[PDB]
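> generate a structure from the sequence data that follows.
(one chain, ligands or ions: 1)
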Amino acid sequence: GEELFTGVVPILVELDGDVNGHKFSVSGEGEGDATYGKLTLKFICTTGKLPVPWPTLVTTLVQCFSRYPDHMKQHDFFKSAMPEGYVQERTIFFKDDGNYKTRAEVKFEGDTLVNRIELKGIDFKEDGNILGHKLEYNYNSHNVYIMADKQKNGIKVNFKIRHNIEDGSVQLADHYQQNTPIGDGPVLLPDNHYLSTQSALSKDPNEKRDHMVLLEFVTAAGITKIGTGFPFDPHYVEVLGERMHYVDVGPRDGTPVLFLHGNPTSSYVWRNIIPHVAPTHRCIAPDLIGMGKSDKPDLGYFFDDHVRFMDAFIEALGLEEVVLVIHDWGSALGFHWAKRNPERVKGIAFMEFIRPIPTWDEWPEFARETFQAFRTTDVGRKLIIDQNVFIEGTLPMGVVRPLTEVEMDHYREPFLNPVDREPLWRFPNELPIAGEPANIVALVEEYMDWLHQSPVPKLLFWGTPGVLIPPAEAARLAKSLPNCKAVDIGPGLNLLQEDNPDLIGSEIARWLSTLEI
Ligand SMILES: [Cl-]
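Numbering: from 1, shown residues only. Take a look:
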């Protein structure tokens, strides 16, 4: 069943409803892509005007399209029931108002995933939030809690939807849900876990009928708390006539620890790692030029531009010796600086770092087509600059766990204006993949050669399946690099700091205590 979801799947939804005697029908069409947990659908009220608010129908109107992480695939009941499908039953209690009772069958009909529903609503107030149409046309993010019902060979599901009301209040809709397979075959019965959801509601400007356009992303989580705050005072330094922002905490003496982020992040990516190190060592975490809270001049934002500014940042702070903690393009900066200043580097901690990627075969299959499209002057700028895909989509797809709205808004803040998105597009176009661009390939080969000969203490973090660093490569490097300790962080893609910050931070702290600094 799970193999039926490896690509984009067309969806059809049909709803027959009756709420307080008002009969109506809704039809929907679109597609789902479980790789991304994604649904893109358009729903039409085929009987006229919808007698209830469109948001009240979102949960009723295909959880088999949820993004289940690799390490949780044995917990995905929904896909395991396919193609024969499952019955989905709910009662939805609208607080201080009526209730919906729904029964749906979700199954494949040919190549199409179909959700057919009957809905009955009763006991609603004619002047309440639902029949009075007092709900805002928007939708919140929720946790959907799933447990097995071993006796009934299905699952029990519970969650509370928060509907924003036009007077600023919130109307709760308490969801009680049961799913049972239609077929007679066995299914996966999961351990307790949850789905983290988000939904975006919009309108079709050319559609005359009452309708709803829906974009939804859902990732499963909860099988094996992470701070969202950024409690660091801003520090600024003039670098090459531009102001760069940096975190600066911990004791003033000793060897400083320099944390370098990559694409599309900022010093925010280090927020839950720095507190493990600050007790014993100075922590300096700059925002790269063009990113975070640093100034954003009109540059090409080639790697060489970042080299120039980071060189000058390090000198501006008068750093002499450093320990480097580096990630993604921050690792290219850190390694390239170490190669040129080996006497000044007392240790390198690194993770998901820039290495020569010899063939596209080594790039994750699920992200291969998108990064190839990023690496163009037309389509790639449309995606990254015009549509902000690297922030809105590639960033969440580089983290195994769900990124919360607060965390997303921290990552979004530097790039609300499309003109400032140049570094987000130039960075993937600098990645050394399949020999191009040759100048980056040559630079990265040089610092990898240096790394293989240098005695500097090394700490390598890696996760499964990773993105830049497959687990087999991390293992090979741990065995071949001198004075290298390797730490498996568990599940992870690219931003390993977001999937296991406590292990990364505590192991850096312990490793620092073993250095002769
Ligand atoms: Cl990149």
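> which bits of the stretch 351-500 of the chain sit near the ion?
427-428 (C-beta under 5 Å from the ion). From N, CA and C alone the C-beta is placed, and that goes for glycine too.
> give me the spatial nearest neighbour of the residue nearest to the spatial centre of the chain, chain neighbours excluded.
Centroid-nearest residue in the chain, with C-alpha atoms, centre = their mean: residue 396, separated by 1.4 Å. Setting aside the residues directly before and after it, residue 396 is nearest to residue 403 in space (C-beta to C-beta, 6 or more residues apart in numbering), at 5.1 Å.
> residue 441 now?
residue 432 (4.2 Å).
> the one you found - how many residues pack around it?
Using other C-beta atoms under 10 Å, residue 432 has 22 neighbouring residues.
> that one and the ion, how far apart?
11 Å (C-beta to the ion, to the nearest Å).
> that residue reaches residue 356, doesn't it?
Yes - counting by C-beta atoms under 8 Å, residue 432 touches residue 356, with 4.9 Å between them.
> identify the contacts common to those two.
Contact criterion C-beta atoms under 8 Å, 6 or more residues apart in numbering; residues shared by residue 432 and residue 356: 441, 444.
> list the buried residues for stretch 418-431?
421-431 (16 or more other C-beta atoms under 10 Å).
> please apply the same query to stretch 469-484.
Buried residues in stretch 469-484 (16+ other C-beta under 10 Å): 469-470, 474, 477-478, 481, 484.
> swap in stretch 373-382?
Applying 16+ other C-beta under 10 Å to stretch 373-382 flags 373-375, 380-381 as buried.
> check the residues you listed against the ion and report the nearest one.
Lowest distance from the ion to those (C-beta to the ion) belongs to residue 374, with 8.0 Å.
> who's in contact with that closest one?
Neighbouring residues of residue 374 by C-beta under 8 Å, 6+ apart: 380, 383-384, 390, 425, 428-429.
> next, check these against the helices and list the overlap.
With DSSP state H as the criterion, helices contain 380, 425, 428-429 from among these.
> hmm, residue 243 is touching residue 235, no?
No - applying C-beta under 8 Å, one finds residue 243 not in contact with residue 235, separated by 10.4 Å.
> more crowded one of those two?
residue 235 (16 against 12).
> list the contacts of that one.
245-248.
> out of those residues, which end up buried?
Going by neighbour count (16+ other C-beta under 10 Å), the contacts of residue 235 have 245-248 buried.
> nearest spatial neighbour of whatever residue of the stretch 51-200 of the chain ends up closest to the ion, chain-adjacent residues omitted?
Nearest residue of the stretch 51-200 of the chain to the ion, counting by C-beta to the ion: residue 67, 21.3 Å away. Once flanking residues are discounted, residue 67 sits nearest to residue 37: 3.1 Å by C-beta to C-beta, 6+ apart.
> get me the contact residues on the stretch 201-350 of the chain for the ion.
Counting by C-beta under 5 Å from the ion, the stretch 201-350 of the chain sits next to the ion at residue 263.
> can you pull out the strands in the stretch 201-350 of the chain?
211-221, 235-239, 242-249, 257-260, 283-286, 322-328, 345-353 (DSSP state E, counting those that start in this stretch).
> kindly list the longest helix within the chain.
Longest helix in the chain, counting by DSSP H: helix 438-453.
> now do it and strand 345-353, the angle between them.
Orientation of helix 438-453 against strand 345-353 (axes from the mean of the first three to the mean of the last three C-alpha atoms, to 10 degrees) gives an angle of 130 degrees.
> give the buried residues for helix 438-453.
Buried, per 16+ other C-beta under 10 Å, within helix 438-453: 440-441, 443-444, 447-448, 450-451.
> and the next helix or strand past it?
Using DSSP states H and E, the next helix or strand after helix 438-453 towards the C-terminus is strand 458-465.
> and the angle for that following strand with helix 438-453?
120 degrees.
> tell me what the next helix or strand after strand 458-465 is packed against?
Sequence-wise, the next helix or strand downstream of strand 458-465 (DSSP H and E) is helix 471-480. Judged by 3 or more C-beta pairs under 8 Å, 6 or more residues apart in numbering; DSSP states H and E, helix 471-480 is in contact with strand 458-465, strand 484-492.
> go again with 10 Å.
Applying 3 or more C-beta pairs under 10 Å, 6 or more residues apart in numbering; DSSP states H and E, we find helix 471-480 packed against strand 345-353, helix 438-453, strand 458-465, strand 484-492.
> A helix includes residue 400, no?
No - according to DSSP: H, G, I helix; E, B strand; the rest coil, residue 400 belongs to no helix; its state is coil.
> quick check: chain neighbours aside, which residue is closest to it?
Nearest to residue 400 is residue 491, by C-beta to C-beta, 6+ apart, at 4.5 Å.
> neighbours of that neighbour, how many?
20.
> show me what contacts it?
Listed by C-beta atoms under 10 Å, 6 or more residues apart in numbering, the contact set of residue 491 reads 69-72, 223-224, 399-401, 463-466, 499-500.
> please redo it, this time with the cut-off set to 7 Å
Taking C-beta atoms under 7 Å, 6 or more residues apart in numbering, we find residue 491 in contact with 69-71, 400, 463-464, 499.
> how far away is it from the ion?
21 Å.
> run through the bridge partners of that residue.
For residue 491, the beta-bridge partners under DSSP bridges are residue 464.
> next, the residue of the stretch 51-200 of the chain closest to the ion: phi, psi?
The phi/psi pair for residue 67 (degrees, to the nearest 10) reads phi -80, psi 100.
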